[PDB]
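Notes to accompany the following structure.
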Amino acid sequence: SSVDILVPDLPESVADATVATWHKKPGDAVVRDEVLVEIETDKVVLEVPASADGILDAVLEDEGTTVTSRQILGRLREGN
């Protein structure tokens, strides 16, 4: 159980992108509103709002990693 967050904000272009910068500390713990990282889809930076936990445990896209509209920023923590 982790923040399985990706970039499903595919608007109208798939020229790759970049995780400008997350907003979750190492193993944080949000509640009803987690981090909202900021990627780069060519002028359109989407976000990544989890919904709880957010404990940064596995960020496979640590700010800068290359990603697009469908890849995965990484997984953190979760429950349920």
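Starting from 1 in every chain, residues are counted up; chains themselves are A, B, ... following the order of the structure tokens, and ligands are numbered from 1 as listed.
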Report as JSON lines the residues of range 25-58 of chain A within 9 Å of range 2-20 of chain A, each with its shortest atom pair and distance in Å (one decimal), using only C-alpha atoms, ordered by chain and increasing residue number.
```
{"residue": "A:34", "atom": "CA", "partner": "A:3", "partner_atom": "CA", "distance": 8.9}
{"residue": "A:37", "atom": "CA", "partner": "A:19", "partner_atom": "CA", "distance": 7.0}
{"residue": "A:38", "atom": "CA", "partner": "A:20", "partner_atom": "CA", "distance": 5.2}
{"residue": "A:39", "atom": "CA", "partner": "A:19", "partner_atom": "CA", "distance": 3.7}
{"residue": "A:40", "atom": "CA", "partner": "A:17", "partner_atom": "CA", "distance": 4.7}
{"residue": "A:41", "atom": "CA", "partner": "A:17", "partner_atom": "CA", "distance": 4.5}
{"residue": "A:42", "atom": "CA", "partner": "A:17", "partner_atom": "CA", "distance": 6.7}
{"residue": "A:44", "atom": "CA", "partner": "A:11", "partner_atom": "CA", "distance": 8.8}
{"residue": "A:45", "atom": "CA", "partner": "A:20", "partner_atom": "CA", "distance": 8.1}
{"residue": "A:46", "atom": "CA", "partner": "A:9", "partner_atom": "CA", "distance": 6.6}
{"residue": "A:47", "atom": "CA", "partner": "A:7", "partner_atom": "CA", "distance": 7.9}
{"residue": "A:48", "atom": "CA", "partner": "A:5", "partner_atom": "CA", "distance": 6.5}
{"residue": "A:49", "atom": "CA", "partner": "A:5", "partner_atom": "CA", "distance": 8.0}
{"residue": "A:50", "atom": "CA", "partner": "A:3", "partner_atom": "CA", "distance": 6.3}
{"residue": "A:51", "atom": "CA", "partner": "A:3", "partner_atom": "CA", "distance": 8.1}
{"residue": "A:52", "atom": "CA", "partner": "A:3", "partner_atom": "CA", "distance": 7.9}
{"residue": "A:53", "atom": "CA", "partner": "A:3", "partner_atom": "CA", "distance": 7.3}
{"residue": "A:54", "atom": "CA", "partner": "A:3", "partner_atom": "CA", "distance": 6.0}
{"residue": "A:55", "atom": "CA", "partner": "A:3", "partner_atom": "CA", "distance": 8.1}
{"residue": "A:56", "atom": "CA", "partner": "A:3", "partner_atom": "CA", "distance": 8.4}
{"residue": "A:57", "atom": "CA", "partner": "A:2", "partner_atom": "CA", "distance": 8.0}
{"residue": "A:58", "atom": "CA", "partner": "A:2", "partner_atom": "CA", "distance": 8.3}
```
Mind listing the strand (DSSP E or B) residues of chain A, per DSSP on the backbone, as number ranges by chain?
A: 5-6, 17-18, 21, 30-31, 33, 36, 38, 49, 53, 58, 66-67, 72-75
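Here CA of residue 28 in chain A is placed at a distance of 28.7 Å from CA of residue 43 in chain A.
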Counting only C-alpha atoms, the residue of A:73, A:80, A:67, A:23 that sits nearest residue 36 in chain A
A:23
